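>
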RNA sequence: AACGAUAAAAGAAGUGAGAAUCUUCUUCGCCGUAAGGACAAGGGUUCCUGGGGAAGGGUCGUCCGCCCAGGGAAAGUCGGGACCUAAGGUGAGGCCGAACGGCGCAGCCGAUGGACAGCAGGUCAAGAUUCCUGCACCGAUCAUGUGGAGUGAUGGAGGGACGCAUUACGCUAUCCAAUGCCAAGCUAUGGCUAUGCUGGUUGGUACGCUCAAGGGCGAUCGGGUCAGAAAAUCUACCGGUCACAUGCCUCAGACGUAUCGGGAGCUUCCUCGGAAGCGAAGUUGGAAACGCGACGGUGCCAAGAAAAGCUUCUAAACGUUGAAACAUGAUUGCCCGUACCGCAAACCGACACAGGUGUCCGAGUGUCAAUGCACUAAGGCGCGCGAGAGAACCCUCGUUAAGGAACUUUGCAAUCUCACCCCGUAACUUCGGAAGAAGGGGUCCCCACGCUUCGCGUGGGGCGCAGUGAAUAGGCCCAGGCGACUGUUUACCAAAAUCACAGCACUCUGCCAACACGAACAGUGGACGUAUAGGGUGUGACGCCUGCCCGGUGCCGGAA
RNA sequence: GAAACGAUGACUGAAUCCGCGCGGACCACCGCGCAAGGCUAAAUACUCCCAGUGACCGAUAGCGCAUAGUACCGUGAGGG
RNA sequence: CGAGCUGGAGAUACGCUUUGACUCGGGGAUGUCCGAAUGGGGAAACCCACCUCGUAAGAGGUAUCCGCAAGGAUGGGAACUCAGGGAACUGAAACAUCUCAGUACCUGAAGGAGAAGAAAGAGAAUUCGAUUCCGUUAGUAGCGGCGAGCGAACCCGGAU
Ligand SMILES: [Mg+2]
Ligand SMILES: [Mg+2]
Ligand SMILES: [Mg+2]
Ligand SMILES: [Mg+2]
Ligand SMILES: [Mg+2]
Ligand SMILES: [Mg+2]
Ligand SMILES: [Mg+2]
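Residue numbers (the entry's author numbering), protein chains in the order written: chain Q, 2 to 94; chain A, 33 to 272.
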């Protein structure tokens, strides 16, 4: 359903300054396509998406321990809203 | 320049090299030629043009049968543009007409000869080749095939009046290796220039030869390669 | 022993426990058809930021492609899929086979090909035809209005549709010049005082009666059904009627106007270097594509994919009272790829390896020309040990008295020759050749005159030892053997007199061909060929020619 | 082999209970059996797994591994 | 079961537990995607569809081979079992029959085992009374380039 899909928001210095222009970034399910991703944001936040762009992201670490490591694997969706922007209070952060 | 099908190159069967040599040459598209000519009986056709058509050695005439159906036909030595042509039993023994051997006079020169009614042309197709009618038997006609052999072709089989076109592959002298390549890959690789392993002639110390054989076992100058088959009855006097 | 190309380095300033090696400034040198820049493959986070300093780094590191943490990768229009077919693969049914399995029509899979809508700028520390700004375009669904009826397959036809060489005209990308314009200042060593010096000198879109090469086109009524399974208003064919030049249709590109952009620099602040704001000029002349106009012209033989999209037809069907199409809104816009390296220290080579790696762009001066050669822009780099010394010997080089092959297996090696223009040129020949034969002369600078220009020709003068003043840069000839010739080969000791070759011959094969692959009465290749063809053997351009022996062996033919 | 009997690819192809098959060419006699239809526990074989034990090992031994089919080599099967 | 627990994980935080946690038995219900793989495609784990129900979310269905259908089959197993096919090195101090050996391997089918089984039999007693297995007969009888070498069965004793 709605409330799943968008796992976490994108932290970073670039997402916070993208916020300041009504552009929101989220880490979503890598299988959750643009239309499904559009709907999920639209409902859960009560706002219309005028544009959506997204892209899949790889992993790969280890600090020590001969455990060669392994990936993590994401998808990052970035949306723009019509003139009356903002999302909750989780935008001013 | 007119419509046809694509003849994609290939020198080996469902696996490996089976017909030795064969490989280079130009692209070449296949042009569908009318060998049967039966389904156009009674309909007259005008020789639109003669054309250079590879895959053959013999010229090709572009025919238009008054019904609208345009067809390619082996152009015979003499046929010019505008000369009308017709097929069937009700058809004159004139340059380019398709008519069974019963209606075909004796000594009269033909080409595009069938072997079984229907099927299509199978004898004297190369340029300059012609079959001359010897004399009718039962429901069979005796003929002189390009090789010199006499065959019993059943009278019911179609033919085309005249000798096949492309004058003579004579002034065509190739000249340079590579004219051969414009067509088929470095042919004749001497078995004496081979190794005992590779071919029976191969080996020894310098230039040689000792028993005369082909690639595999056999022997080549004089050895009847023919089978003891049916077609031998419908045949008279082989040699040459 | 070595520390991986002999493309250098020097100093100052900084940082730090520590500095030849990290940072910054100023020089120096090297590449510049590359050693610059953009992809693809491949790699997989190597990218950016902050930190680290055990190992890795041929030395040292305070640094890194290494170690840790955080971040970065944005698409209706770009490439791929939701479209298409090639080789090939597979393949219900169907053909074969001890099993396993082998084939195989249609169909399906398969790009390296076809098809198809977005251009200009801006800018994170790190993305950009993806984000932002400006203005477009494409399909679909629906709302509105005009239209007032048709729409027009799974099928037909047209179209897609395709070579190699050479080349006429216009153009642009792009490049040069100037006492064209615009901007900034200053220069002084002896001068110049600007007619000097340096830099910049227009992209997208829209409209326009403006200039415009070049490119593309027949139209209509009929007749036969015997052609496209059938039907067709479509297409093929035959015929009638106006098809010379012209005539239509399209405008590469240039010009004008407007507008958005960019633009040399100038400016304000600065936590030491960025950020923000502003913004001049747009000339005349030359050169010029492999790009564009274009599916142009001509010539040639070896005779140059398919299929969908597309356009036109009718079958079936729903329908004419609410069509198709046009127009203006609105809505819609899926999946994967996108960082970074990418002729290399990030790919293949165990190694930060002198090797290999497909495409694209690749500036200026000089030089017939050029992607050659020298120097050089932009840009990138000095090749991850260093410093002394100036022995033997070894390597890569420069010059060399007199002599000039005496060297030696052999002029092996290394010289000599070296570009362009004029003169000149032998035997021999298959009449092409041999030929760059051989040999000689010219070559710079100025001025005058003549002319087809970058130029070149005549004349006079000048300077040096020397004028393709440096770089790129044939030594030549006589006679012989072998092989006619271009070509091919022993990856890693043999390039040849080997193999191949055009040409000649013997011979086999009448087509379900001989022959060959194979479990196989499968299938296939020969061949969608058919004896002026195909198999096999030999000889090996061309000229003159090719003798004697059929006992033995083989092959063909006889049979009492 | 003096080579019967089973089995069967090719070709043939009988008797019906005073019948048929066999008893190691074959014949007699004596003797043992009812083909050309099917089904069927149990004792027997093995050890991925589990338990118990051992004049079995105890880190170059014991499995390849005190756990790894990993690192690493190879295009791959595979090797380790 | 009777106070601990919060997996190796040794690490902090949050917590859960006698209104019985945790762990041990035994059943359920979830169970993405690939894999016989089964809608179609496919370079496994990805791409693209249609049908039906459905409020969108979401749920179910769409392989071929047997059979009216019910219901069965595809694939997987270390070794052991039977079957189709079936080597060579080797031994014979050379080698070709012979040997190695119907072993190794491939392939098919199947199970907890399988195979085989109810006399047109064994064999000489007018004895036995389906099969398999063990002992023994017995290196006997026999086979055999009568060489290397190969090698039964009945009787009898047992498991059943
Ligand atoms: Mg096929
Ligand atoms: Mg030194
Ligand atoms: Mg000293
Ligand atoms: Mg001589
Ligand atoms: Mg030669
Ligand atoms: Mg120890
Ligand atoms: Mg293991």
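Beta carbons: idealized from backbone N, C-alpha and C, even for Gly.
Cutting at 8 Å between CB atoms, please list the residues of its own chain near residue 6(Q), excluding the five before and the five after it.
Here residue 6(Q) corresponds to residue number 5 of the first chain, with the count starting at 1. If we look at residue 6(Q) and ignore the five residues flanking it on each side, its Cβ neighbours are 29, 30, 33, 37, 38, 41.
> Going by C-alpha distance, which of 133(A), 271(A), 162(A) is nearest residue 184(A)?
For the purposes of this step, residue 184(A) is identified with residue 152 of the second chain, where counting begins at 1. Of the residues 133(A), 271(A), 162(A), the one whose Cα lies closest to the Cα of residue 184(A) is 133(A).
> Give me, in chain order, the residues of the same chain whose beta-carbon lies closer than 8 Å to that of residue 187(A); leave out the 5 immediate sequence neighbours on both sides.
Looking up residue 187(A) in the second chain gives position 155. Here the set comprises 132, 133, 134, 168, 171, 172, 173.
> Who pairs with residue 26(Q) in a beta bridge, going by DSSP?
On the first chain, position 25 is the one that residue 26(Q) refers to. 79(Q).
> Nearest-angstrom Cα distance between residue 124(A) and residue 180(A)?
Numbered from its first residue, the second chain carries residue 124(A) at position 92. Numbered from its first residue, the second chain carries residue 180(A) at position 148. Cα to Cα, residue 124(A) sits roughly 27 Å from residue 180(A).
> Rounding to the nearest angstrom, what Cα-Cα distance links residue 244(A) and residue 136(A) in this structure?
In the second chain, the residue the question calls residue 244(A) occupies position 212. In the second chain, the residue the question calls residue 136(A) occupies position 104. If I take the Cα positions, the gap works out to 46 Å.
> Along the beta strand (DSSP E) that carries residue 9(Q), what are the first and last residues, could you check?
Position 8 of the first chain, counted from the start, is the residue given in the question as residue 9(Q). That run of the beta strand (DSSP E) goes 7 to 10.
> Which same chain residues end up closer than 8 Å to residue 50(Q) when comparing Cβ atoms and leaving out the 5 residues on each side of it in sequence?
Residue mapping note: residue 50(Q) aligns to position 49 of the first chain, counting from 1. Excluding sequence neighbours, residue 50(Q) sits near 39, 42, 43, 80, 81, 82.
> How close, in whole Å, do the beta carbons of residue 190(A) and residue 146(A) come, if the pair is a contact with beta carbons under 8 Å?
The count along the second chain starts at 1 and reaches residue 190(A) at position 158. The count along the second chain starts at 1 and reaches residue 146(A) at position 114. That belief holds up - the Cβ atoms of residue 190(A) and residue 146(A) are roughly 5 Å apart, short of 8 Å.
> In chain order, what residues of the same chain have a beta carbon less than 8 Å from the beta carbon of residue 231(A), not counting five sequence neighbours either side?
Residue 231(A) sits at position 199 when you count from the first residue of the second chain. Taken in chain order, the residues that qualify are 223, 247.
> Give me, in chain order, the residues of the same chain whose beta-carbon lies closer than 7 Å to that of residue 11(Q); leave out the 5 immediate sequence neighbours on both sides.
The residue labelled residue 11(Q) in the question sits at position 10 within the first chain. The beta carbon of residue 11(Q) sits closer than 7 Å to the beta carbons of 26, 27, 28, 77 from its chain, once the five residues preceding and following it are set aside; these are given in chain order.
> My parser needs the beta strand (DSSP E) runs of 3 or more residues fully inside the stretch 53 to 85 of chain A; what are they?
76 to 83
> Comparing C-alpha positions only, which one of 119(A), 252(A), 204(A), 178(A) sits nearest to residue 74(A)?
The residue labelled residue 74(A) in the question sits at position 42 within the second chain. The shortest C-alpha separation from residue 74(A) is found at 119(A).
> For residue 36(A) versus residue 63(A), is the C-beta spacing smaller than 8 Å?
Counted from its first residue, the second chain places residue 36(A) at position 4. Counted from its first residue, the second chain places residue 63(A) at position 31. Yes, these two residues count as a Cβ contact at 8 Å.
> Between which residues of its own chain and residue 176(A) is the CB-CB distance below 7 Å, once the five residues before and five after are set aside?
Within the second chain, numbered from 1, the residue matching residue 176(A) stands at position 144. Around residue 176(A): 163, 164, 166, 182.
> Can you check which of these residues, 253(A), 143(A), 242(A), is closest to residue 68(A) by C-alpha distance?
The residue given as residue 68(A) occupies position 36 in the second chain. Each of 253(A), 143(A), 242(A) was checked against the Cα of residue 68(A), and the nearest Cα belongs to 143(A).
> With distances taken between CB atoms, is the gap from residue 235(A) to residue 127(A) smaller than 8 Å?
Indexing the second chain from 1 puts residue 235(A) at position 203. Indexing the second chain from 1 puts residue 127(A) at position 95. No, the pair does not count as a contact, with Cβ atoms beyond the cut-off.
> Could you tell me how far apart the beta carbons of residue 95(A) and residue 80(A) are, in whole angstroms, since I believe they sit closer than 8 Å?
In the second chain, the residue the question calls residue 95(A) occupies position 63. In the second chain, the residue the question calls residue 80(A) occupies position 48. So it is a contact: roughly 7 Å between Cβ atoms.
> Taking just the CA atoms, how far does residue 205(A) sit from residue 121(A)?
Start at 1 with the first residue of the second chain, and residue 121(A) comes out as number 89. Start at 1 with the first residue of the second chain, and residue 205(A) comes out as number 173. Going from the Cα of residue 121(A) to the Cα of residue 205(A) covers about 42 Å.
> By how many angstroms is the C-alpha of residue 47(A) removed from the C-alpha of residue 241(A)?
For this step, residue 241(A) is matched to residue 209 along the second chain. For this step, residue 47(A) is matched to residue 15 along the second chain. C-alpha separation (whole angstroms): 32 Å.
> Near residue 138(A), which residues of its chain fall below 6 Å by C-beta distance, leaving aside the five closest residues on each side in sequence?
The sequence position of residue 138(A) within the second chain is 106, counting from 1. Cβ neighbours of residue 138(A) within its own chain (closer than 6 Å, five residues either side excluded): 165, 167.
> Could you tell me which residues DSSP puts in a beta bridge with residue 190(A)?
As a working mapping, residue 190(A) is identified with position 158 in the second chain. Residue 190(A) pairs with nothing; no bridge assigned.
> Reducing DSSP to helix, strand and coil, say where residue 20(Q) ends up.
Counting from 1 along the first chain, the entry for residue 20(Q) is found at position 19. Residue 20(Q) falls in the helix class under three-state DSSP.
> Could you please give the first and the last residue of the uninterrupted beta strand (DSSP E) stretch that includes residue 272(A)?
Against the second chain, residue 272(A) aligns to sequence position 240. Looking at the DSSP string, residue 272(A) is not in any beta strand (DSSP E), and its letter there is neither H nor E.
> Closer than 7 Å by C-beta to residue 74(Q): which residues in its own chain qualify, once you throw out the five before and the five after it? Chain order, please.
On the first chain, residue 74(Q) is found 73 positions in, with the first residue counted as 1. Answer for residue 74(Q): 31, 59, 60, listed in chain order.
> Rounded to whole angstroms, what is the Cα-Cα separation between residue 256(A) and residue 267(A)?
Residue 256(A) sits at position 224 when you count from the first residue of the second chain. Residue 267(A) sits at position 235 when you count from the first residue of the second chain. Approximately 16 Å between the Cα atoms of the pair.
> Excluding the five sequence neighbours on either side, which residues of its own chain have a C-beta within less than 7 Å of the C-beta of residue 254(A), listed in chain order?
Residue mapping note: residue 254(A) aligns to position 222 of the second chain, counting from 1. So no residue of the chain qualifies.
> Can the beta-carbon of residue 54(A) be found closer than 8 Å to that of residue 216(A)?
For the purposes of this step, residue 54(A) is identified with residue 22 of the second chain, where counting begins at 1. For the purposes of this step, residue 216(A) is identified with residue 184 of the second chain, where counting begins at 1. Taking 8 Å as the Cβ cut-off, residue 54(A) and residue 216(A) qualify as a contacting pair.
> In terms of residue numbering, what span does the beta strand (DSSP E) encompassing residue 168(A) cover?
The count along the second chain starts at 1 and reaches residue 168(A) at position 136. Unbroken beta strand (DSSP E) run through residue 168(A): 163 to 168.
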